[PDB]
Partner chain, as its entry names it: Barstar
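Before any questions on binding or motion, here is one chain by itself as structure tokens, the form deposited without the partner chain.
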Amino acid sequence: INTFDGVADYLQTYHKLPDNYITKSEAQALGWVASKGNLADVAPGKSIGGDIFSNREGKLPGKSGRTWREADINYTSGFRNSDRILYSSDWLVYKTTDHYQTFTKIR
């Protein structure tokens, strides 16, 4: 699962990212090097996902005790693209296709 809907539903049902996701340190550990656009080489079928998203600019709904996490959407190979899914500790789900410039609520 790596589509906006696919993931949004999985998160709604499972309360976690599907098996194809790994955090950046996890990828790092496997030999992922951001500069070389090699994710697909060191970890086929894997996408970067599950790291804490800051929300510095207040673009996402904030609240005490609420935390935001992100995951790469539609990634297949090469450098990372611009689609991301944003999920909260209380399960709101947002999307951006513009490298986090703007967001759209999807759940």
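Numbering follows the first chain given and starts at 1.
The discussion below concerns the form deposited with the partner chain bound, not included here.
In the deposited complex, the partner chain lies within 4.5 Å of some heavy atom of residue 81. The shortest heavy atom separation between residue 68 and the partner chain in the deposited complex exceeds 4.5 Å. Looking at residue 35, you'd find a heavy atom of it within 4.5 angstroms of the partner chain in the deposited complex.
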